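Here is coords14.txt, consisting of compact mmCIF, C-alpha atoms and all ligand atoms:
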# COMPACT_ATOMS: atom_id res chain seq x y z
CA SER A 14 0.00 0.00 0.00
CA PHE A 15 1.03 3.62 -0.55
CA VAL A 16 1.01 4.33 3.19
CA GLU A 17 3.56 1.52 3.54
CA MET A 18 5.68 3.19 0.85
CA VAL A 19 5.67 6.65 2.43
CA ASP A 20 9.01 7.80 3.84
CA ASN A 21 10.93 4.96 2.20
CA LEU A 22 13.71 7.31 1.06
CA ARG A 23 16.71 8.64 2.95
CA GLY A 24 19.55 10.96 2.04
CA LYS A 25 22.30 13.34 3.06
CA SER A 26 22.17 16.80 1.50
CA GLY A 27 24.25 16.81 -1.67
CA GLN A 28 24.77 13.04 -1.61
CA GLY A 29 21.59 11.60 -3.07
CA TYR A 30 18.31 9.92 -2.15
CA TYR A 31 18.36 6.16 -1.74
CA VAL A 32 15.82 3.40 -1.18
CA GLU A 33 16.38 0.05 0.53
CA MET A 34 16.42 -2.94 -1.85
CA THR A 35 17.34 -6.61 -1.67
CA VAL A 36 19.12 -8.72 -4.27
CA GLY A 37 19.66 -12.46 -4.42
CA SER A 38 18.46 -15.48 -2.45
CA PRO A 39 18.46 -15.28 0.43
CA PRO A 40 17.94 -11.50 0.12
CA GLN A 41 20.96 -9.25 0.58
CA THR A 42 19.98 -5.76 1.75
CA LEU A 43 21.52 -2.71 0.07
CA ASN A 44 20.90 1.03 -0.08
CA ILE A 45 20.40 2.12 -3.68
CA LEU A 46 20.45 5.59 -5.21
CA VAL A 47 17.19 6.58 -6.93
CA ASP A 48 18.26 7.96 -10.29
CA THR A 49 15.82 9.05 -13.01
CA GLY A 50 18.77 10.14 -15.14
CA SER A 51 20.10 6.67 -15.97
CA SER A 52 18.79 3.22 -16.85
CA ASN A 53 21.12 0.60 -15.36
CA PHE A 54 20.65 -1.22 -12.08
CA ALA A 55 24.28 -1.36 -10.94
CA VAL A 56 25.48 -2.46 -7.51
CA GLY A 57 28.91 -2.68 -5.92
CA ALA A 58 29.89 -6.34 -6.04
CA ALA A 59 33.41 -6.27 -4.59
CA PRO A 60 35.24 -4.63 -1.65
CA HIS A 61 35.78 -0.87 -1.84
CA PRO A 62 36.97 1.63 0.82
CA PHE A 63 33.77 3.66 0.51
CA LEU A 64 31.37 0.70 0.59
CA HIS A 65 29.92 -0.49 3.89
CA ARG A 66 28.62 -3.61 2.15
CA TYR A 67 28.34 -5.08 -1.32
CA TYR A 68 26.51 -7.67 -3.41
CA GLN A 69 28.01 -11.14 -2.92
CA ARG A 70 26.91 -13.20 -5.93
CA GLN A 71 28.44 -16.45 -4.67
CA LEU A 72 26.05 -16.34 -1.70
CA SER A 73 23.00 -16.10 -3.97
CA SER A 74 21.68 -19.39 -5.30
CA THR A 75 19.43 -17.52 -7.74
CA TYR A 76 22.17 -15.49 -9.44
CA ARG A 77 22.68 -16.13 -13.15
CA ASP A 78 25.85 -14.98 -14.89
CA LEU A 79 25.22 -13.47 -18.32
CA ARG A 80 28.92 -13.97 -19.10
CA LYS A 81 29.03 -10.43 -20.47
CA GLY A 82 30.91 -7.34 -19.37
CA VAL A 83 30.05 -3.66 -19.32
CA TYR A 84 32.16 -0.52 -19.01
CA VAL A 85 30.49 2.76 -18.09
CA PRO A 86 32.65 5.92 -18.09
CA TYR A 87 31.04 9.11 -16.78
CA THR A 88 32.21 12.73 -16.77
CA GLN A 89 34.26 12.31 -13.59
CA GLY A 90 33.85 8.70 -12.52
CA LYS A 91 33.55 5.26 -14.09
CA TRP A 92 32.92 1.60 -13.31
CA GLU A 93 33.42 -1.84 -14.81
CA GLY A 94 31.12 -4.76 -14.10
CA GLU A 95 29.76 -8.15 -15.05
CA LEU A 96 26.16 -8.54 -16.19
CA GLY A 97 23.83 -11.09 -14.64
CA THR A 98 20.30 -11.53 -13.37
CA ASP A 99 18.90 -12.21 -9.91
CA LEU A 100 15.80 -11.76 -7.78
CA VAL A 101 15.17 -8.21 -6.60
CA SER A 102 12.71 -6.67 -4.15
CA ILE A 103 11.95 -3.32 -2.52
CA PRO A 104 11.02 -4.05 1.12
CA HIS A 105 9.18 -0.75 1.57
CA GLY A 106 7.87 -0.63 -1.98
CA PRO A 107 5.47 -2.89 -3.94
CA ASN A 108 4.85 -6.28 -2.36
CA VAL A 109 6.60 -8.25 -5.09
CA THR A 110 9.89 -9.83 -6.12
CA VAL A 111 11.07 -9.84 -9.73
CA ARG A 112 14.01 -11.10 -11.74
CA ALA A 113 16.02 -8.20 -13.10
CA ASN A 114 19.31 -7.41 -14.81
CA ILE A 115 22.08 -6.44 -12.42
CA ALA A 116 25.46 -4.97 -13.31
CA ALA A 117 27.84 -6.28 -10.66
CA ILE A 118 30.46 -3.57 -10.25
CA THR A 119 33.92 -5.10 -9.83
CA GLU A 120 36.08 -2.04 -10.54
CA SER A 121 35.29 1.65 -10.16
CA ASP A 122 36.95 5.06 -10.31
CA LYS A 123 35.52 8.06 -8.47
CA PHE A 124 32.05 6.50 -8.60
CA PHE A 125 31.32 5.54 -5.01
CA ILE A 126 31.28 8.49 -2.62
CA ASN A 127 32.63 8.37 0.92
CA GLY A 128 29.80 8.68 3.43
CA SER A 129 26.97 8.56 0.89
CA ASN A 130 25.56 5.40 2.46
CA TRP A 131 24.46 3.95 -0.88
CA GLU A 132 25.96 0.89 -2.54
CA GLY A 133 24.36 0.98 -5.96
CA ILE A 134 22.19 2.95 -8.38
CA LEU A 135 18.68 2.26 -9.59
CA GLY A 136 18.38 3.74 -13.07
CA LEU A 137 14.70 4.50 -13.63
CA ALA A 138 14.93 5.95 -17.14
CA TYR A 139 14.36 4.20 -20.46
CA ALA A 140 16.19 1.41 -22.29
CA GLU A 141 17.49 3.75 -24.97
CA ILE A 142 20.25 4.96 -22.63
CA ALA A 143 20.96 1.64 -20.91
CA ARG A 144 24.54 0.35 -21.14
CA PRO A 145 25.99 -1.37 -23.03
CA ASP A 146 22.92 -1.00 -25.24
CA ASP A 147 19.13 -0.68 -25.33
CA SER A 148 18.73 -4.46 -25.23
CA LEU A 149 19.52 -4.53 -21.51
CA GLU A 150 16.05 -4.24 -20.01
CA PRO A 151 15.91 -1.66 -17.15
CA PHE A 152 14.57 -2.60 -13.72
CA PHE A 153 11.26 -0.77 -13.95
CA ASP A 154 10.45 -2.38 -17.29
CA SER A 155 11.12 -5.80 -15.78
CA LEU A 156 8.95 -4.85 -12.81
CA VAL A 157 5.96 -3.86 -14.94
CA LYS A 158 6.32 -6.87 -17.24
CA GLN A 159 6.53 -9.43 -14.44
CA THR A 160 3.93 -7.97 -12.08
CA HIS A 161 0.60 -6.18 -12.42
CA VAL A 162 2.03 -2.91 -11.08
CA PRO A 163 0.80 0.09 -13.11
CA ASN A 164 3.48 1.66 -15.31
CA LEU A 165 3.97 4.74 -13.14
CA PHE A 166 6.01 5.91 -10.15
CA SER A 167 6.23 9.14 -8.17
CA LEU A 168 8.98 10.84 -6.17
CA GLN A 169 8.62 13.15 -3.20
CA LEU A 170 12.13 14.36 -2.34
CA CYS A 171 12.37 16.45 0.80
CA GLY A 172 15.14 18.86 1.68
CA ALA A 173 16.70 18.79 5.13
CA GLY A 174 15.05 22.10 5.90
CA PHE A 175 11.51 20.84 5.31
CA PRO A 176 9.83 17.59 6.41
CA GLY A 187 14.19 11.91 3.25
CA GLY A 188 11.18 11.40 1.03
CA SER A 189 8.96 8.88 -0.70
CA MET A 190 9.08 6.78 -3.83
CA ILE A 191 5.59 5.47 -4.60
CA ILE A 192 5.49 2.73 -7.22
CA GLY A 193 2.33 1.90 -9.11
CA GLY A 194 0.25 4.97 -8.41
CA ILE A 195 -0.31 8.44 -7.01
CA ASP A 196 -0.57 9.17 -3.29
CA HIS A 197 -2.76 12.21 -2.64
CA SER A 198 -1.64 12.72 0.95
CA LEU A 199 1.75 13.62 -0.54
CA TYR A 200 0.62 16.79 -2.31
CA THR A 201 -1.76 19.74 -2.20
CA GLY A 202 -3.48 21.60 -5.03
CA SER A 203 -3.55 20.60 -8.68
CA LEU A 204 -1.23 18.17 -10.42
CA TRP A 205 0.02 19.67 -13.69
CA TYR A 206 1.38 17.46 -16.48
CA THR A 207 4.01 18.13 -19.12
CA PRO A 208 4.58 15.71 -22.03
CA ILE A 209 7.58 13.41 -22.09
CA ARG A 210 9.11 14.50 -25.39
CA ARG A 211 11.11 11.34 -25.99
CA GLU A 212 11.49 8.14 -23.99
CA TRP A 213 15.18 7.94 -23.20
CA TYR A 214 15.93 10.36 -20.44
CA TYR A 215 12.78 11.84 -18.97
CA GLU A 216 12.91 14.63 -21.53
CA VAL A 217 10.58 17.60 -21.20
CA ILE A 218 10.23 21.06 -22.77
CA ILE A 219 10.75 24.40 -21.03
CA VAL A 220 8.83 27.15 -22.84
CA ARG A 221 9.65 30.17 -20.70
CA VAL A 222 11.98 31.21 -17.90
CA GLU A 223 11.40 34.08 -15.48
CA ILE A 224 13.64 35.38 -12.74
CA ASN A 225 11.71 37.35 -10.16
CA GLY A 226 8.85 37.74 -12.60
CA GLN A 227 11.18 39.09 -15.29
CA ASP A 228 11.14 37.11 -18.54
CA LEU A 229 14.60 36.17 -19.84
CA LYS A 230 13.12 36.77 -23.30
CA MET A 231 15.20 34.16 -25.12
CA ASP A 232 14.10 32.06 -28.06
CA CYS A 233 12.58 29.16 -26.13
CA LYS A 234 14.63 26.60 -28.04
CA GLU A 235 17.62 27.96 -26.11
CA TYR A 236 16.10 26.64 -22.86
CA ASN A 237 16.15 23.10 -24.25
CA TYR A 238 19.64 22.90 -25.79
CA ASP A 239 20.37 20.16 -26.40
CA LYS A 240 17.65 18.59 -24.28
CA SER A 241 15.94 19.24 -20.95
CA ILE A 242 15.56 16.37 -18.47
CA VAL A 243 14.28 15.56 -14.99
CA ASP A 244 17.11 13.84 -13.09
CA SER A 245 17.03 12.85 -9.43
CA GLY A 246 20.64 11.68 -9.77
CA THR A 247 21.84 15.25 -10.30
CA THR A 248 22.00 17.73 -7.41
CA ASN A 249 21.82 21.08 -9.22
CA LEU A 250 19.65 22.95 -11.65
CA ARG A 251 21.93 22.80 -14.69
CA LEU A 252 21.50 25.27 -17.52
CA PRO A 253 22.94 25.76 -21.04
CA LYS A 254 25.71 28.37 -21.11
CA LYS A 255 23.55 31.16 -22.56
CA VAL A 256 20.72 30.61 -20.07
CA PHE A 257 23.09 30.10 -17.15
CA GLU A 258 24.76 33.45 -17.84
CA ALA A 259 21.42 35.27 -18.02
CA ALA A 260 20.29 33.59 -14.79
CA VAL A 261 23.46 34.44 -12.89
CA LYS A 262 23.32 38.05 -14.09
CA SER A 263 19.74 38.43 -12.88
CA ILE A 264 20.39 36.76 -9.53
CA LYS A 265 23.58 38.79 -9.05
CA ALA A 266 21.70 42.01 -9.74
CA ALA A 267 18.96 41.16 -7.23
CA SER A 268 21.40 40.29 -4.44
CA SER A 269 23.84 43.13 -5.12
CA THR A 270 23.48 44.57 -1.61
CA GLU A 271 25.62 41.65 -0.43
CA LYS A 272 29.18 40.61 -1.29
CA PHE A 273 29.88 37.02 -2.33
CA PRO A 274 33.17 35.08 -2.22
CA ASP A 275 35.08 34.95 -5.48
CA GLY A 276 34.08 31.66 -7.06
CA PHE A 277 30.68 31.39 -5.37
CA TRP A 278 28.82 31.66 -8.68
CA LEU A 279 30.90 28.77 -9.99
CA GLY A 280 29.46 26.67 -7.17
CA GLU A 281 32.91 26.03 -5.72
CA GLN A 282 32.82 28.26 -2.67
CA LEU A 283 30.61 28.43 0.42
CA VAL A 284 28.86 31.57 1.59
CA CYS A 285 27.83 31.72 5.25
CA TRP A 286 25.65 33.84 7.50
CA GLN A 287 25.10 33.87 11.26
CA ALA A 288 22.60 31.13 12.11
CA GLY A 289 19.04 32.12 11.27
CA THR A 290 20.08 35.31 9.48
CA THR A 291 20.33 34.15 5.85
CA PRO A 292 18.95 37.05 3.75
CA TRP A 293 16.48 34.99 1.71
CA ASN A 294 14.50 38.00 0.49
CA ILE A 295 17.35 39.49 -1.54
CA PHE A 296 17.46 36.42 -3.77
CA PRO A 297 14.87 36.18 -6.59
CA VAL A 298 12.49 33.31 -7.31
CA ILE A 299 13.02 31.38 -10.52
CA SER A 300 10.00 30.29 -12.56
CA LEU A 301 10.27 27.47 -15.09
CA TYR A 302 7.33 27.24 -17.47
CA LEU A 303 6.90 23.71 -18.79
CA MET A 304 4.99 22.74 -21.93
CA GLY A 305 1.40 21.78 -21.13
CA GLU A 306 -0.68 18.93 -22.51
CA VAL A 307 -2.73 21.40 -24.60
CA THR A 308 -1.26 23.45 -27.48
CA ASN A 309 0.47 26.66 -26.35
CA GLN A 310 -0.66 26.16 -22.79
CA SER A 311 1.93 25.83 -20.03
CA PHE A 312 2.27 25.79 -16.28
CA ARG A 313 5.08 27.11 -14.12
CA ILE A 314 6.98 25.71 -11.19
CA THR A 315 8.55 28.36 -8.98
CA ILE A 316 11.87 27.80 -7.25
CA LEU A 317 12.87 29.65 -4.07
CA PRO A 318 16.44 30.47 -2.95
CA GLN A 319 15.86 27.91 -0.19
CA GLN A 320 16.11 25.41 -3.03
CA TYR A 321 18.88 26.80 -5.23
CA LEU A 322 21.07 27.87 -2.34
CA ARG A 323 21.94 24.42 -1.03
CA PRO A 324 22.79 24.06 2.67
CA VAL A 325 26.08 22.23 3.12
CA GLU A 326 26.05 20.13 6.29
CA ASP A 327 29.48 20.01 7.91
CA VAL A 328 29.92 19.89 11.66
CA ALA A 329 33.07 21.98 11.26
CA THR A 330 31.13 24.91 9.78
CA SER A 331 28.01 24.45 11.91
CA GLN A 332 28.35 27.63 13.95
CA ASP A 333 27.03 29.34 10.81
CA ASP A 334 24.53 28.57 8.07
CA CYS A 335 26.59 27.95 4.93
CA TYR A 336 25.39 27.33 1.37
CA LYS A 337 26.65 26.45 -2.08
CA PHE A 338 25.14 27.93 -5.26
CA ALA A 339 23.21 24.97 -6.70
CA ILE A 340 22.85 26.28 -10.23
CA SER A 341 25.59 25.33 -12.69
CA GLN A 342 26.48 25.55 -16.37
CA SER A 343 25.82 22.54 -18.60
CA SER A 344 27.06 21.56 -22.06
CA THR A 345 24.57 18.72 -22.37
CA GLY A 346 21.30 20.57 -21.87
CA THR A 347 19.06 21.63 -19.00
CA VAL A 348 18.89 19.32 -16.00
CA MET A 349 16.17 19.76 -13.42
CA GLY A 350 17.98 18.01 -10.59
CA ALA A 351 17.14 17.22 -6.98
CA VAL A 352 17.13 20.81 -5.71
CA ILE A 353 14.38 21.49 -8.25
CA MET A 354 12.37 18.33 -7.48
CA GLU A 355 12.56 19.02 -3.73
CA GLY A 356 9.33 20.44 -2.38
CA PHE A 357 7.35 19.07 -5.35
CA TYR A 358 5.50 15.81 -5.83
CA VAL A 359 6.72 14.54 -9.19
CA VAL A 360 4.74 11.90 -11.06
CA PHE A 361 6.57 9.88 -13.70
CA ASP A 362 3.50 8.72 -15.61
CA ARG A 363 5.14 6.38 -18.10
CA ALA A 364 1.81 4.88 -19.17
CA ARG A 365 0.59 8.24 -20.50
CA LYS A 366 4.03 9.60 -21.42
CA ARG A 367 3.86 12.63 -19.14
CA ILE A 368 5.34 14.05 -15.95
CA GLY A 369 3.23 15.60 -13.22
CA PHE A 370 4.15 18.34 -10.76
CA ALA A 371 2.31 19.40 -7.63
CA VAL A 372 3.24 21.17 -4.39
CA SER A 373 4.30 18.51 -1.89
CA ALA A 374 3.65 18.33 1.84
CA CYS A 375 7.32 19.15 2.34
CA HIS A 376 7.41 22.13 -0.04
CA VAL A 377 9.69 25.09 0.70
CA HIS A 378 8.44 28.50 1.81
CA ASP A 379 8.92 31.35 4.25
CA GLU A 380 6.49 33.98 5.48
CA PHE A 381 6.56 35.93 2.21
CA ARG A 382 7.06 33.38 -0.56
CA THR A 383 6.39 29.73 -1.37
CA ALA A 384 7.28 27.15 -3.99
CA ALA A 385 4.34 26.82 -6.36
CA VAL A 386 2.88 25.01 -9.36
CA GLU A 387 0.56 27.32 -11.29
CA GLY A 388 -1.37 27.25 -14.54
CA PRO A 389 -2.61 27.44 -17.18
CA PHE A 390 -0.61 30.12 -18.98
CA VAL A 391 -1.17 30.83 -22.67
CA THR A 392 1.41 31.89 -25.24
CA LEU A 393 0.53 33.57 -28.53
CA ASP A 394 3.68 32.56 -30.43
CA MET A 395 3.34 29.05 -31.86
CA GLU A 396 7.02 28.08 -32.04
CA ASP A 397 7.97 24.51 -31.16
CA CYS A 398 10.38 24.98 -28.26
CA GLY A 399 12.06 21.63 -28.78
CA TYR A 400 15.65 21.75 -29.97
CA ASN A 401 15.79 18.43 -31.84
CA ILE A 402 12.74 17.01 -33.60
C1 LIG B 1 25.94 13.29 -5.09
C2 LIG B 1 24.50 13.12 -5.62
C3 LIG B 1 23.51 14.00 -5.13
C4 LIG B 1 22.17 13.92 -5.55
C5 LIG B 1 21.21 14.84 -5.01
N1 LIG B 1 20.46 15.57 -4.53
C6 LIG B 1 21.81 12.94 -6.50
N2 LIG B 1 22.78 12.10 -6.96
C7 LIG B 1 24.09 12.14 -6.57
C8 LIG B 1 25.00 11.10 -7.20
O1 LIG B 1 25.94 10.63 -6.55
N3 LIG B 1 24.71 10.75 -8.47
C9 LIG B 1 25.42 9.89 -9.36
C10 LIG B 1 26.65 9.24 -9.05
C11 LIG B 1 27.27 8.43 -10.02
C12 LIG B 1 26.69 8.26 -11.29
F1 LIG B 1 27.35 7.49 -12.13
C13 LIG B 1 25.44 8.89 -11.63
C14 LIG B 1 24.75 8.73 -13.03
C15 LIG B 1 24.49 7.24 -13.39
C16 LIG B 1 25.67 9.41 -14.10
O2 LIG B 1 25.54 10.82 -13.89
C17 LIG B 1 24.22 11.41 -14.02
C18 LIG B 1 24.26 12.75 -13.22
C19 LIG B 1 23.99 11.70 -15.54
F2 LIG B 1 23.74 10.57 -16.26
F3 LIG B 1 22.93 12.53 -15.69
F4 LIG B 1 25.10 12.30 -16.06
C20 LIG B 1 23.13 10.48 -13.46
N4 LIG B 1 21.90 10.94 -13.44
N5 LIG B 1 23.38 9.29 -13.02
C21 LIG B 1 24.85 9.69 -10.63
For this file, produce the structure as C-alpha cells.
Ligand SMILES: Cc1cc(C#N)cnc1C(=O)Nc1ccc(F)c([C@]2(C)CO[C@@](C)(C(F)(F)F)C(N)=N2)c1
Amino acid sequence: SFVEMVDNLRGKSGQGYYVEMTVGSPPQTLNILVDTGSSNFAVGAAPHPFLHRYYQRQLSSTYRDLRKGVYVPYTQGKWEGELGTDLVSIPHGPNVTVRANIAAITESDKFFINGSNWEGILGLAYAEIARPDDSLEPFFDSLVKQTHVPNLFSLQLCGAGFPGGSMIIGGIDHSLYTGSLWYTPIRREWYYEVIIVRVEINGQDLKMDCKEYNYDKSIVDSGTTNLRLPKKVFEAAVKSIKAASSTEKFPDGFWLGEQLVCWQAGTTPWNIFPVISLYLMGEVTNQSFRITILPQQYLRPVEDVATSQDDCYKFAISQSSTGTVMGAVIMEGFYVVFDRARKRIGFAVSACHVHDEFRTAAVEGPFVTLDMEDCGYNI
C-alpha cells in the first residue's frame, strides 16, 4: 500500500536519495540511489573503501551470470562490471519480487562516494540509454512486465530544511501533495525529456528564443543535485540573480558553485534572492504551467559539523554543455509523477514544499502563449 511506501527514502544533502532494496536469495539488503537520469541497475559487487557492504553473488543461489561485461565511463567517474540476473525486491515498496538485470560492479573510479551510504544505483529511465545498449532491459520495465504494477512511479524528495522522502510505485498518493497536479509531455522516452517554454527570474522574462532553454535537451534527473543550464541561459540567470542580491558581497568563485557563503545562524537574507520560474509545456497546445523555485532550493545548505556555527550554502545552479537538468534541488518540495503509461510528468506542491512567510514554492497554470514556435531543440 502507498502508506507503507511513504518515507521509504533517505539521504544526506548533496549526496543523493536512496531506497532500501534486496538482491539475491536469500535477500541481501543494500541502499540504492534513486536515479531518473540513468537506466542501469548497478550495484557494488566487490570490496571498496567507501562501501559499507556489497553484493556477494556467490552467496546467492538464484544469481545467473550473463557472461558479459560492461564498461560505463562518466564525466568524472567510471565503473566496470559483469552482467547477470537475480531476484530483486523493494522491502518498503510494492509487495513483489522480480528477476532483473544487475550490473555487478567489480572495478570503479571516483564513482562511489565516501559517506553517501548507498551501494548501488537504480536507473529508472528508459532502455534507450541503458549500457551497453538498449537491449539490456531496465529494472522498472522488468517490474511492470513481471507484475501487475501500473506503469507509473512518483517521487517526493524532501530537503533537510523541510519535512528523506517517498518513492511510490504503481500509483499516485494524494496525501503527498496539495493543489492541482500539472502534467508536461515526455518529449522522448530515453531520459525523462521535457520542454521548457519560458523562464522568469523574479517575474522578469529572460526573453530568449525558447529553443535555447532546451539545448540540447531538458531532463528531470534525481541523480543530479543542481539545476543545470545551457551556457547562454546560465549566464542570463546568474546576471539576474547577481543584480537582485547586489546589496551583499559574495566570495570569489561562489557563482561557480565552488565556494561556500555563510551567515550567522538564522540570518540568511532569503528575500534578496529572486524566485526562478520554469514554465513547462502543457498537454494542450500553447498552454503551459510554471513551477517556482525559491532560494531555499537553489542555495543548497552544506552540512558540515566543522562549519556548523554558521549557516553555509553552495550555489546549486551550474552551467551545462549537455542541456538543462532539473535536478534534486528542483524536485525538492514538489511531488513529481513519472507517468510512463501516459508519457507525461506531473508536478504538484508537496507536503514538504519550501516556503517562508513571504514566498512559497508553487505550481501554477494554465498560462497561454501567442507565439506558436515549437520549443524543442531536436525534432
Ligand atoms: C551526489 C549526488 C547527489 C544527488 C542529489 N540531490 C543525486 N545524486 C548524486 C549522485 O551521486 N549521483 C550519481 C553518481 C554516479 C553516477 F554514475 C550517476 C549517473 C548514473 C551518471 O551521472 C548522471 C548525473 C547523468 F547521467 F545525468 F550524467 C546520473 N543521473 N546518473 C549519478
Would you write out, as a tab-separated table, a table of all residues in chain A that have an atom no more than 8 Å from an atom of ligand LIG 1 (chain B), listing for each the closest atom pair and the distance in Å to one decimal, considering all atoms listed in the file and ordering rows by chain and rising residue number?
residue	atom	partner	partner_atom	distance
A:26	CA	B:LIG1	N1	6.4
A:27	CA	B:LIG1	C3	4.5
A:28	CA	B:LIG1	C1	3.7
A:29	CA	B:LIG1	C4	3.4
A:30	CA	B:LIG1	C6	6.3
A:46	CA	B:LIG1	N2	7.1
A:47	CA	B:LIG1	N2	7.9
A:48	CA	B:LIG1	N4	5.7
A:49	CA	B:LIG1	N4	6.4
A:50	CA	B:LIG1	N4	3.7
A:51	CA	B:LIG1	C15	5.1
A:52	CA	B:LIG1	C15	7.8
A:53	CA	B:LIG1	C15	7.7
A:87	CA	B:LIG1	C16	6.0
A:88	CA	B:LIG1	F4	7.2
A:90	CA	B:LIG1	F1	6.6
A:91	CA	B:LIG1	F1	6.9
A:124	CA	B:LIG1	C11	5.3
A:125	CA	B:LIG1	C11	7.1
A:126	CA	B:LIG1	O1	7.0
A:129	CA	B:LIG1	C1	7.7
A:134	CA	B:LIG1	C15	7.0
A:136	CA	B:LIG1	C15	7.0
A:244	CA	B:LIG1	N4	5.6
A:245	CA	B:LIG1	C6	5.6
A:246	CA	B:LIG1	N2	3.6
A:247	CA	B:LIG1	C6	4.4
A:248	CA	B:LIG1	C5	3.8
A:249	CA	B:LIG1	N1	7.4
A:348	CA	B:LIG1	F3	7.9
A:350	CA	B:LIG1	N1	7.0
A:351	CA	B:LIG1	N1	4.4
A:352	CA	B:LIG1	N1	6.3
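With distances taken over all atoms listed in the file, A:45 is the one residue among A:288, A:218, A:45, A:135 lying closest to residue 64 in chain A.
Among the candidates A:346, A:57, A:151, A:106, the residue lying nearest to residue 254 in chain A is A:346 (atoms considered: all atoms listed in the file).
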**OP:** May I have the residues within 6 Å of residue 113 in chain A as a ChimeraX atom specification, using all atoms listed in the file and disregarding those fewer than 2 positions away in the same chain?
**Re:** /A:98-99,152
**OP:** With a distance cut-off of 7 Å and all atoms listed in the file, select the neighbouring residues of residue 339 in chain A, excluding the residue or stretch itself and same-chain residues fewer than 3 positions from it, and output the selection as a PyMOL selection string.
**Re:** chain A and resi 249-250+280+321-323
Original post:
Do you have the CA of residue 166 in chain A-CA of residue 353 in chain A distance handy?
Top reply: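 Calculated distance between CA of residue 166 in chain A and CA of residue 353 in chain A is 17.8 Å.
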Original post:
From the list A:342, A:155, A:290, A:241, which residue is nearest residue 399 in chain A when using all atoms listed in the file?
Top reply: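 Among the listed residues, A:241 lies closest to residue 399 in chain A.
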With 12 Å as the threshold, what does the neighbourhood of (-4.1, 23.0, -9.3) contain in terms of residues, counting only C-alpha atoms? Coordinates are those of the file; answer as a PDB file with C-alpha atoms, in the frame of the given file.
ATOM      1  CA  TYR A 200       0.620  16.790  -2.310  1.00  0.00           C
ATOM      2  CA  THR A 201      -1.760  19.740  -2.200  1.00  0.00           C
ATOM      3  CA  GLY A 202      -3.480  21.600  -5.030  1.00  0.00           C
ATOM      4  CA  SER A 203      -3.550  20.600  -8.680  1.00  0.00           C
ATOM      5  CA  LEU A 204      -1.230  18.170 -10.420  1.00  0.00           C
ATOM      6  CA  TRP A 205       0.020  19.670 -13.690  1.00  0.00           C
ATOM      7  CA  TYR A 206       1.380  17.460 -16.480  1.00  0.00           C
ATOM      8  CA  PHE A 312       2.270  25.790 -16.280  1.00  0.00           C
ATOM      9  CA  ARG A 313       5.080  27.110 -14.120  1.00  0.00           C
ATOM     10  CA  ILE A 314       6.980  25.710 -11.190  1.00  0.00           C
ATOM     11  CA  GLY A 369       3.230  15.600 -13.220  1.00  0.00           C
ATOM     12  CA  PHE A 370       4.150  18.340 -10.760  1.00  0.00           C
ATOM     13  CA  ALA A 371       2.310  19.400  -7.630  1.00  0.00           C
ATOM     14  CA  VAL A 372       3.240  21.170  -4.390  1.00  0.00           C
ATOM     15  CA  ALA A 385       4.340  26.820  -6.360  1.00  0.00           C
ATOM     16  CA  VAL A 386       2.880  25.010  -9.360  1.00  0.00           C
ATOM     17  CA  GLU A 387       0.560  27.320 -11.290  1.00  0.00           C
ATOM     18  CA  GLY A 388      -1.370  27.250 -14.540  1.00  0.00           C
ATOM     19  CA  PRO A 389      -2.610  27.440 -17.180  1.00  0.00           C
TER      20      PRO A 389
END
Dump range 68-76 of chain A with N, CA, C and O atoms to a file, as an mmCIF file, in the first residue's frame.
data_model
loop_
_atom_site.group_PDB
_atom_site.id
_atom_site.type_symbol
_atom_site.label_atom_id
_atom_site.label_comp_id
_atom_site.auth_asym_id
_atom_site.auth_seq_id
_atom_site.Cartn_x
_atom_site.Cartn_y
_atom_site.Cartn_z
ATOM 1 N N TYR A 68 27.242 -6.513 -2.912
ATOM 2 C CA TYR A 68 26.507 -7.672 -3.405
ATOM 3 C C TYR A 68 27.471 -8.848 -3.550
ATOM 4 O O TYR A 68 28.454 -8.766 -4.286
ATOM 5 N N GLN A 69 27.191 -9.934 -2.837
ATOM 6 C CA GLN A 69 28.014 -11.140 -2.921
ATOM 7 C C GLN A 69 27.289 -12.218 -3.724
ATOM 8 O O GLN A 69 26.437 -12.928 -3.195
ATOM 9 N N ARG A 70 27.634 -12.330 -5.004
ATOM 10 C CA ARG A 70 26.910 -13.197 -5.925
ATOM 11 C C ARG A 70 27.045 -14.673 -5.561
ATOM 12 O O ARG A 70 26.125 -15.461 -5.781
ATOM 13 N N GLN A 71 28.187 -15.046 -4.992
ATOM 14 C CA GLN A 71 28.438 -16.445 -4.671
ATOM 15 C C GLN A 71 27.495 -16.924 -3.571
ATOM 16 O O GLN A 71 27.219 -18.116 -3.462
ATOM 17 N N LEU A 72 26.988 -15.994 -2.769
ATOM 18 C CA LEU A 72 26.054 -16.339 -1.699
ATOM 19 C C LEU A 72 24.597 -16.364 -2.158
ATOM 20 O O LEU A 72 23.697 -16.639 -1.366
ATOM 21 N N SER A 73 24.360 -16.066 -3.431
ATOM 22 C CA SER A 73 23.000 -16.103 -3.965
ATOM 23 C C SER A 73 22.806 -17.294 -4.886
ATOM 24 O O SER A 73 23.447 -17.389 -5.931
ATOM 25 N N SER A 74 21.908 -18.195 -4.509
ATOM 26 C CA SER A 74 21.682 -19.392 -5.305
ATOM 27 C C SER A 74 20.794 -19.104 -6.516
ATOM 28 O O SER A 74 20.587 -19.973 -7.356
ATOM 29 N N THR A 75 20.275 -17.882 -6.611
ATOM 30 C CA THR A 75 19.430 -17.519 -7.741
ATOM 31 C C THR A 75 20.125 -16.628 -8.771
ATOM 32 O O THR A 75 19.545 -16.274 -9.799
ATOM 33 N N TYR A 76 21.382 -16.291 -8.507
ATOM 34 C CA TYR A 76 22.165 -15.488 -9.438
ATOM 35 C C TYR A 76 22.422 -16.246 -10.738
ATOM 36 O O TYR A 76 22.731 -17.440 -10.717
#
